[PDB]
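J.: Residue numbers (the deposited numbering), protein chains in the order written: chain B, 16 to 81, 90 to 260; chain C, 16 to 82, 87 to 265; chain D, 16 to 82, 87 to 266; chain E, 16 to 82, 87 to 265; chain F, 14 to 82, 87 to 265; chain A, 16 to 81, 90 to 264.
Beta carbons: idealized from backbone N, C-alpha and C, even for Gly.
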Amino acid sequence: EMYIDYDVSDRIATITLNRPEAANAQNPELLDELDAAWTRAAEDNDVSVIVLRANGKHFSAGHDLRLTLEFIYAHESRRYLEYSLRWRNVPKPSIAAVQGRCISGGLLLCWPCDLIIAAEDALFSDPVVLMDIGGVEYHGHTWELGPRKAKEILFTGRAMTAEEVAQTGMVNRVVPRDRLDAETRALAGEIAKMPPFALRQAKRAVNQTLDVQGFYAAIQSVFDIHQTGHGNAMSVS
Amino acid sequence: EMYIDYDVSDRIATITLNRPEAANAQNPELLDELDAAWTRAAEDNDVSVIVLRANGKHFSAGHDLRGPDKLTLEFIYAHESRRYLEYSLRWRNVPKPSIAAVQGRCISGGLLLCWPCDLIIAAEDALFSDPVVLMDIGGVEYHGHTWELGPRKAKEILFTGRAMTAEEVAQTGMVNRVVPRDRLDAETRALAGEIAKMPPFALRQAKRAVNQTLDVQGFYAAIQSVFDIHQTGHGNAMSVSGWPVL
Amino acid sequence: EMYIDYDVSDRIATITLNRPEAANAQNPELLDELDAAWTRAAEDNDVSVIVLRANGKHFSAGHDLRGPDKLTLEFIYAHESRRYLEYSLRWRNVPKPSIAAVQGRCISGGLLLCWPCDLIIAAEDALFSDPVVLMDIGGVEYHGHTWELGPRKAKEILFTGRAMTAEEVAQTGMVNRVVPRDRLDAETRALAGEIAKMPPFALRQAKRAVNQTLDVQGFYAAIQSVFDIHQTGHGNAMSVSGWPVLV
Amino acid sequence: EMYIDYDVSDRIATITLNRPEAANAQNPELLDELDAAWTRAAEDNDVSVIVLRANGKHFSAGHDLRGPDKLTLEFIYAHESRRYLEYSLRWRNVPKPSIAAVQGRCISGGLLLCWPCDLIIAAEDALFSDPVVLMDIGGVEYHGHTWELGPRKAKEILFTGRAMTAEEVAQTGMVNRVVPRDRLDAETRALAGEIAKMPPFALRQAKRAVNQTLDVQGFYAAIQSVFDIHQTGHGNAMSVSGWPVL
Amino acid sequence: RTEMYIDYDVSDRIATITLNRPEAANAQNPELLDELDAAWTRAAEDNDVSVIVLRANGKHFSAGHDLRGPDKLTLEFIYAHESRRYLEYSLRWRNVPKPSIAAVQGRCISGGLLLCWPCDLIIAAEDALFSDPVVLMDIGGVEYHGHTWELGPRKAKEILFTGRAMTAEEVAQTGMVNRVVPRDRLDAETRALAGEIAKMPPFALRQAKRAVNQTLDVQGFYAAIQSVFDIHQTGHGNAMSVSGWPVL
Amino acid sequence: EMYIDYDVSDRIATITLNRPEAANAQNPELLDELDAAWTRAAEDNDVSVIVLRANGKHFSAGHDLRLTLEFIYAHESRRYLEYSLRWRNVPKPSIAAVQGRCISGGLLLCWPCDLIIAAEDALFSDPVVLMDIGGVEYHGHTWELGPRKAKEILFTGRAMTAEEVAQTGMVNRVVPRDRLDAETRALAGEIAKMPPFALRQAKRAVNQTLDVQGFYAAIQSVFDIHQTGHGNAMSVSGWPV
Ligand SMILES: [Zn+2]
Ligand SMILES: [Zn+2]
Ligand SMILES: [Zn+2]
Ligand SMILES: [Zn+2]
Ligand SMILES: [Zn+2]
Ligand SMILES: [Zn+2]
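1) Which partner residues of residue 138 of chain F appear in the DSSP bridge assignment?
2) Of all the CB atoms in chain D, is at least one closer than 8 Å to the CB of residue 97 of chain C?
3) With 16 other CB atoms within 10 Å as the buried threshold, where does residue 94 of chain B fall?
4) What does residue 213 of chain B reach in chain C if we use C-beta pairs closer than 7 Å?
5) Please classify residue 31 of chain B: does DSSP put it in a helix, a strand, or coil?
6) Should residue 33 of chain A go down as buried or exposed, given a rule of 16 or more other Cβ atoms within 10 Å for buried?
7) Going by the DSSP bridge assignment, what does residue 198 of chain C pair with across the sheet?
8) Buried or exposed: which applies to residue 249 of chain A, given that a residue is buried once 16 or more other Cβ atoms fall within 10 Å of its Cβ?
9) Any heavy atom of ligand 4 closer than 7 Å to the Cβ of residue 140 of chain F?
10) Buried or exposed for residue 188 of chain A, please, with buried defined as at least 16 other CB atoms from any protein chain shown within 10 angstroms of its CB.
11) When the Cβ atoms of the stretch 194 to 208 of chain D are set against those of the stretch 130 to 144 of chain B, are three or more pairs found closer than 8 Å?
12) Provide the residue span of the alpha helix (DSSP H) that contains residue 248 of chain C, from first to last.
13) Got a sec: which bits of the stretch 214 to 243 of chain E sit with their beta carbon under 7 Å from any beta carbon on chain C, in order along the chain?
14) Would you identify the three-state DSSP class for residue 147 of chain A, choosing helix, strand or coil?
15) Which two residues bound the contiguous alpha helix (DSSP H) that contains residue 96 of chain B?
16) Residues of the stretch 150 to 161 of chain E with a CB closer than 9 Å to any CB of chain A: list them in chain order, please.
17) Report the rounded CA-to-CA distance for residue 148 of chain D versus residue 174 of chain D, giving the unit in angstroms.
18) Let's see if you can read the secondary structure: which residues bound the beta strand (DSSP E) around residue 159 of chain E?
19) Taking 7 Å as the cut-off, is the CB of residue 156 of chain F close to at least one heavy atom of ligand 5?
20) For residue 154 of chain F, tell me which candidate among F:262, F:14, F:56 and F:25 has the shortest Cα-Cα distance.
21) With respect to 7 Å, is the separation between the Cβ of residue 105 of chain F and the closest non-hydrogen atom of ligand 8 below this value?
22) Measuring alpha carbon to alpha carbon, tell me which of C:78, C:115 and C:110 ends up nearest residue 97 of chain E.
23) Using a Cβ cut-off of 8 Å, pull out every chain B residue sitting near residue 23 of chain C, in sequence order please.
24) Considering only the beta carbon of each residue, do residue 85 of chain F and residue 26 of chain F sit closer than 8 Å?
25) Would you decide whether residue 4 of chain B is buried or exposed? Buried here means 16 or more other CB atoms lie within 10 Å of its CB.
26) Check the Cβ of residue 90 of chain F against every Cβ in chain E and list those closer than 7 Å, keeping chain order.
27) So for residue 154 of chain E, helix, strand or coil by DSSP?
28) Got a sec: which bits of the stretch 111 to 131 of chain D sit with their beta carbon under 7 Å from any beta carbon on chain B, in order along the chain?
29) With respect to 7 Å, is the separation between the Cβ of residue 84 of chain A and the closest non-hydrogen atom of ligand 1 below this value?
30) List the residues of chain F whose Cβ lies closer than 7 Å to the Cβ of residue 58 of chain B, in chain order.
31) Alpha carbons only, please: which of E:102, E:125, E:167 and E:160 is nearest the one belonging to residue 172 of chain F?
32) Where residue 43 of chain E and residue 180 of chain C are concerned, what is the direct C-alpha to C-alpha distance, given to the nearest angstrom?
33) At what residues does the beta strand (DSSP E) containing residue 124 of chain B begin and finish?
34) Please list the partners that residue 93 of chain F has in chain B, where partner means a Cβ-to-Cβ separation under 7 Å.
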């Protein structure tokens with residue numbers, strides 16, 4: 016349990032990213048620990064609500080950078104795409120608490136949560152166009168931001184403030200940094216009073232509407248677009 | 016015609032919920048009168064625009080749960100498919116513009132009355148909620164939530180049962196305009212009057228352009244999918260207690 | 016190139032609507048030239064980003080109708100399907116970032132010029148509308164309204180024909196940024212210049228990611244569906260008066 | 016009961032088209048009686064299965080064109100949207116199994132009667148066609164063609180106006196079974212009888228499983244889209260001749 | 014590892030997964046399904062495997078879910098367990114990024130379809146009989162609604178409404194079965210086909226499979242499967258409201 | 016013109032693939048000429064129906080085989104995907120007459136036609152899996168053949184007879200080789216009697232149903248999957264296949 020802390024109390028499972036020395040950059044080991052924590056929470060009948068949070072100044076700087092396309096495709100399809108979709112589908116409510124920087128692969132950790140609470144000084148970005156890739160592997164951008172904002176931030180690599188993403192509906196609530204854990208836990212507690220099958224089916228109502236709208240199919244389509252970026256990058260260098 | 020009043024003047028059909036003594040709680044009889052009113056307005060060539068409004072402090076407290088031998092899910096499923104789902108979809112598709120005027124509380128089944136309207140004008144005091152998760156059900160029968168609020172707000176308000184102010188739902192696009200409560204009726208009628216000057220077939224097809232876009236996006240199919248999700252909640256409640264809600 | 020000016024420098028193709036004396040009303044000749052300019056930009060290896068802008072006070076007043088012995092719906096359908104629908108979709112899909120700079124009035128057909136652009140920057144003074152219901156038609160030929168405004172706002176502005184301010188459309192996400200009118204061109208070019216530092220294939224695939232998400236959501240199919248709904252408007256106007264619109 | 020006969024026995028509602036003097040061509044009166052018969056069967060708890068059949072040599076020769088000072092597309096659109104599109108979708112969605120027994124010719128509008136049924140049994144002699152391109156229209160109002168035939172056969176039969184045999188439409192899956200003409204009623208009745216033994220809620224939800232799969236695939240949205248395409252045909256015919264069909 | 018119900022062999026780049034509960038006509042209890050899921054995972058993760066073959070010992074491919082296999090039984094409980102071992106398992110097998118082939122002999126009833134439909138290709142013995150008679154038990158078809166996609170809607174409704182069986186030749190006509198072969202050659206024909214496919218480059222196979230499966234998901238496959246799962250569960254909900262047990 | 020012949024008579028535009036010495040293998044010049052021919056037919060108000068046919072033994076052996092992924096992507100998106108979709112959408116009926124072998128890229132020529140008439144001898148295949156690619160650029164396979172048959176023929180590279188593809192609905196009619204041109208022209212002639220706007224909208228009714236079902240979006244999705252095959256082939260060897 017190096018990289019990920021796990022606590023259960025009052026029917027809330029709190030999963031903490033604990034690699035602040037690297038701004039919670041994600042290596043394969045961290046991702047495997049994180050996927051195990053989600054599974055543990057999903058399987059525990061004493062857990063009603065999942066809280067995903069991070070220690071330190073920044074939620075996550077993204078994937079830790081430190090050969091065939093088939094190899095990249097296979098690895099990214101598991102740890103990036105399959106993991107994030109599995110988290111998305113866990114049949115209990117989940118809430119991310121985001122402070123400071125949430126960059127590129129960071130979005131693959133919070134987007135799968137049902138609700139997001141952000142500190143006022145949180146900054147969200149996906150500057151991977153600079154590295155020759157058309158946005159990260161799990162394309163929540165268009166769904167979360169709308170297409171024009173998604174294009175703007177992909178084309179420029181600029182950051183968005185917490186208030187800006189709250190306006191698009193990607194962030195549910197913006198609170199001062201000193202209230203982020205308070206607000207997240209209070210909301211988790213309110214939700215934890217509710218019947219678990221009703222929570223499950225409320226979640227399913229919304230997620231199935233998104234899937235009818237094309238969410239699953241679109242996420243799969245964009246994964247292949249992303250991979251053409253890797254294929255081009257390899258062909259150049 | 017106890018529960019629903021109906022007026023036609025100046026090419027506007029005004030349908031009024033008139034059960035203020037129960038905060039416009041909806042029993043089968045009210046819903047049948049309401050559907051007949053919508054049909055009357057739809058079929059009247061002297062009506063260009065439909066206004067739906069409510070008497071009293073509150074638009075609607077929702078379904079009236081005080082309105087057989089061995090109760091089965093088949094029975095609940097059949098009845099709710101007719102008076103909740105089919106009725107609300109039928110209103111949604113009436114080929115003339117419709118405007119809901121919403122004051123005070125609009126709770127759970129109240130949403131099945133205003134969401135089918137094309138436009139919603141809300142009083143500053145309006146409070147929208149769907150707290151049915153408390154009763155073991157994953158939101159009301161007609162799932163406009165994700166479409167009207169976006170998925171994250173939809174989940175938030177279903178998971179918590181909290182209310183949203185008129186200003187909050189205006190931000191999502193669910194409400195077109197927010198006005199002081201003393202101006203709700205006048206602003207709604209003024210807007211209806213502006214729209215009533217337009218060519219009826221253009222109004223019909225403008226409405227169709229937007230609604231068919233939504234159907235291509237998956238609206239019809241999603242509404243049908245979530246109805247079955249809703250009904251699994253009744254099924255579970257019955258398996259726990261013998262009753263369709265906890 | 017009578018009505019459209021084309022300039023390339025700094026990795027930017029600037030395409031300018033140059034009919035200010037008619038408030039950039041669009042006749043078929045202007046549209047043919049505009050389509051040629053988009054195609055030229057798409058093929059130009061000196062070009063990373065496209066900027067669409069307009070001379071004068073107004074971005075575009077819409078389609079020029081001042082602009087066949089037995090007139091038929093078949094004829095209207097065929098021409099509108101090419102210069103309105105096919106052109107706008109082709110611009111939409113050009114595999115390079117595009118930015119519309121919109122000042123003053125952008126009415127009805129005007130929207131067919133800016134909606135296909137990836138990003139829209141509007142002057143504080145910009146006013147967007149689609150009042151064609153007055154002419155017996157259910158919104159313009161390319162139905163961006165629902166996608167850009169949300170369904171309730173789309174219905175409201177079609178049913179009433181009212182205008183929306185730059186601020187109003189920025190709240191729906193249809194406009195990316197609102198800036199003072201005297202900064203519109205500078206701000207647009209600065210943003211284009213930022214984007215033009217990026218690798219072209221990454222820009223193309225970022226654009227694709229978003230536009231393909233939209234097509235999976237139903238964008239292409241919905242645009243085609245609404246085109247026919249629009250054409251039933253022309254069909255009705257013709258059945259009433261023998262003319263494509265109510266006059 | 017001028018045009019439509021109706022019988023309920025062994026939990027089967029049999030709806031019979033009874034206008035052989037016009038080869039079961041459909042005037043508004045016949046369609047109104049037919050819709051009433053479907054509603055009656057839908058609402059009757061003693062009915063588990065619906066059978067639609069026809070008297071005489073032909074299932075239906077289609078819409079009766081022999082059954087307003089300034090005729091407008093608005094008027095045509097409004098009427099066709101009700102008795103053609105809305106009626107057929109309503110029958111499609113009745114929450115009980117339905118079976119069409121089709122003999123002889125089923126032409127154009129005839130398809131609006133059998134396609135909404137869940138299952139089709141055809142006589143060996145049956146001929147299916149939609150030659151409405153001759154009248155300047157892109158196929159009938161309710162576009163099952165692509166769904167039932169596949170897109171290439173749909174285009175071929177629309178573009179040529181040719182008829183398809185029972186065998187040919189059985190190969191596409193549009194017809195479930197082909198039997199000799201003198202066995203059509205007996206085979207249909209036996210099939211209905213087999214289905215009528217099953218629990219009604221399971222029948223309802225098996226039907227929903229398939230029909231909701233179709234709506235997620237785009238059926239409802241596609242049907243609505245093609246109705247507008249159809250109407251552009253009327254709009255063009257009126258622009259050429261002042262009449263809805265060439 | 015403990016092996017109980019599933020035989021597993023890897024040779025010549027083919028993983029052959031065998032249902033080995035012929036004493037129960039390969040009726041599927043939760044343990045069998047867990048073991049079968051593990052076998053699919055083993056094959057998926059083995060770089061020496063290019064193709065997966067699913068087959069069954071004895072006369073019958075699978076009689077379906079084992080009926081004889087909590088103080089207060091609730092729909093939540095049934096929903097949770099079926100969502101895992103029926104729906105999630107079958108979707109996971111569907112998505113394994115290597116070609117898979119089912120060899121189907123004799124009866125393949127109801128839950129049996131959840132084992133073969135996830136395979137890419139189906140080879141059936143001339144004697145194979147496919148059915149889903151669960152309407153008799155008050156349920157609108159099994160949990161993973163392949164029926165409409167595999168059979169077309171009219172055939173799907175016919176066989177659900179009647180509970181009748183379809184011959185191998187009948188399902189081959191809809192495209193659900195790729196090839197019908199004599200019973201005594203089913204294993205040889207299947208392995209020969211697996212061998213031919215196992216000569217191809219693995220990434221090209223993966224992306225050919227993806228091309229088709231992603232086309233199906235754009236068409237609505239994932240969303241429709243999820244939708245019908247809830248329809249199926251309303252059947253259980255109703256059966257419990259009538260009798261207290263999840264099937265009539 | 017070098018590779019494509021074009022004739023208009025009796026309201027039929029006949030477009031002929033005329034590179035028989037190469038079994039109508041498709042180089043970029045041939046494809047540009049083909050696209051020009053489709054455009055000419057589409058724009059000619061005296062043409063009601065388009066017939067696409069081929070000289071020699073074979074309809075088309077596919078793309079003529081005789090560097091970055093960006094370059095391959097750009098070129099294939101134009102001449103293969105954009106061209107084929109443009110042809111698919113021409114607002115007039117079109118009919119392909121397919122004799123002999125139609126392999127891989129050959130499918131990009133006939134699938135965009137509304138109707139396909141095949142000689143009894145015709146053989147259809149897509150063996151590109153052998154070259155490390157997940158089927159050709161325009162993924163009609165699932166739509167035309169169904170998913171199981173599409174997977175089988177992609178995974179094996181086997182050919183399908185005219186009778187087999189007729190059973191799936193991909194071929195409208197199968198006729199003897201010596202009657203292919205006559206049967207196609209007679210069918211075109213029947214269709215050319217019909218009102219052009221009704222033909223247009225009949226075509227639209229079916230094609231829009233397909234696009235509501237997901238056809239446009241799916242074709243775009245699979246194009247990217249195809250390009251990951253080129254991406255991988257280049258990462259192994261340096262060439263696209
Ligand atoms: Zn990556
Ligand atoms: Zn309910
Ligand atoms: Zn127009
Ligand atoms: Zn008609
Ligand atoms: Zn079950
Ligand atoms: Zn290629």
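T.: Well, looking at it:
1) Counting from one through the fifth sequence, the residue named residue 138 of chain F turns up at place 121. According to DSSP, residue 138 of chain F bridges with F:118.
2) Locating residue 97 of chain C in the second sequence gives position 78, where the first residue counts as 1. Closer than 8 Å: no.
3) Start at 1 with the first residue of the first sequence, and residue 94 of chain B comes out as number 71. When all chains shown are included, residue 94 of chain B counts as exposed.
4) Here residue 213 of chain B refers to the residue found at position 190 when the first sequence is read from its first residue. Here the neighbours are 179.
5) Looking up residue 31 of chain B in the first sequence gives position 16. Strand, per DSSP.
6) Position 18 of the sixth sequence, counting from 1, holds the residue named residue 33 of chain A. The residue is buried, with at least 16 neighbouring Cβ atoms inside 10 Å.
7) Looking up residue 198 of chain C in the second sequence gives position 179. BP columns for residue 198 of chain C point to C:142.
8) Your numbering for residue 249 of chain A matches position 226 in the sixth sequence. Classification of residue 249 of chain A: buried, given that the 10 Å Cβ count is 16 or more.
9) For the purposes of this step, residue 140 of chain F is taken as residue 123 along the fifth sequence, with counting starting at 1. No, since every heavy atom of ligand 4 falls outside the 7 Å radius drawn around the Cβ of residue 140 of chain F.
10) For this step, residue 188 of chain A is matched to residue 165 along the sixth sequence. It is buried - the Cβ of residue 188 of chain A has at least 16 other Cβ atoms within 10 Å.
11) no
12) Walking along the second sequence from the start, residue 248 of chain C turns up at place 229. Element bounds for residue 248 of chain C: 238 to 260.
13) 220, 231, 234, 235, 239, 240 and 243
14) Here residue 147 of chain A is taken as the residue at index 124 of the sixth sequence, counted from 1. Residue 147 of chain A: strand per DSSP, three-state reduction.
15) Counted from its first residue, the first sequence places residue 96 of chain B at position 73. Residue 96 of chain B -> alpha helix (DSSP H) spans 92 to 99.
16) 151, 152, 153, 154, 155, 156, 157 and 158
17) Here residue 148 of chain D refers to the residue found at position 129 when the third sequence is read from its first residue. Here residue 174 of chain D refers to the residue found at position 155 when the third sequence is read from its first residue. About 12 Å.
18) Residue mapping note: residue 159 of chain E aligns to position 140 of the fourth sequence, counting from 1. Premise fails: residue 159 of chain E is in no beta strand (DSSP E) and is neither H nor E.
19) For the purposes of this step, residue 156 of chain F is identified with residue 139 of the fifth sequence, where counting begins at 1. True, at least one ligand heavy atom lies under 7 Å from that Cβ.
20) Position 137 of the fifth sequence, counting from 1, holds the residue named residue 154 of chain F. Cα-wise, what sits closest to residue 154 of chain F is F:262.
21) Ligand 8 is absent from the structure shown, which contains only ligand 1, ligand 2, ligand 3, ligand 4, ligand 5 and ligand 6.
22) Numbered from 1 along the fourth sequence, position 78 holds the residue referred to as residue 97 of chain E. The option with the nearest alpha carbon to residue 97 of chain E is C:115.
23) Locating residue 23 of chain C in the second sequence gives position 8, counting from the first residue. Neighbours of residue 23 of chain C on chain B: none; closest Cβ ~37 Å, over 8 Å.
24) Gap note for chain F: numbering proceeds from 82 to 87 with nothing in between, so residue 85 of chain F has no coordinates.
25) In the structure as shown, chain B begins at 16 and stops at 260. Residue 4 of chain B is therefore absent and cannot be evaluated.
26) In the fifth sequence, counting from the first residue as 1, residue 90 of chain F sits at position 73. Residues of chain E passing the Cβ test: none, with the nearest at roughly 19 Å.
27) Within the fourth sequence, the letter at position 135 stands for residue 154 of chain E. If DSSP states are grouped into helix, strand and coil, residue 154 of chain E belongs with the helices.
28) 116
29) Gap note for chain A: numbering proceeds from 81 to 90 with nothing in between, so residue 84 of chain A has no coordinates.
30) Here residue 58 of chain B refers to the residue found at position 43 of the first sequence. Those do not exist, as residue 58 of chain B stays about 10 Å from chain F at its closest Cβ, beyond 7 Å.
31) Taking the first residue of the fifth sequence as position 1, residue 172 of chain F is located at position 155. When only C-alpha atoms are compared, the closest one is E:167.
32) Indexing the fourth sequence from 1 puts residue 43 of chain E at position 28. Indexing the second sequence from 1 puts residue 180 of chain C at position 161. Whole-angstrom Cα-Cα distance: 49 Å.
33) As a working note, residue 124 of chain B is residue 101 in the first sequence. Unbroken beta strand (DSSP E) run through residue 124 of chain B: 124 to 126.
34) As a working note, residue 93 of chain F is residue 76 in the fifth sequence. Ordered by position in chain B, the residues that pass the 7 Å Cβ test against residue 93 of chain F are 220.
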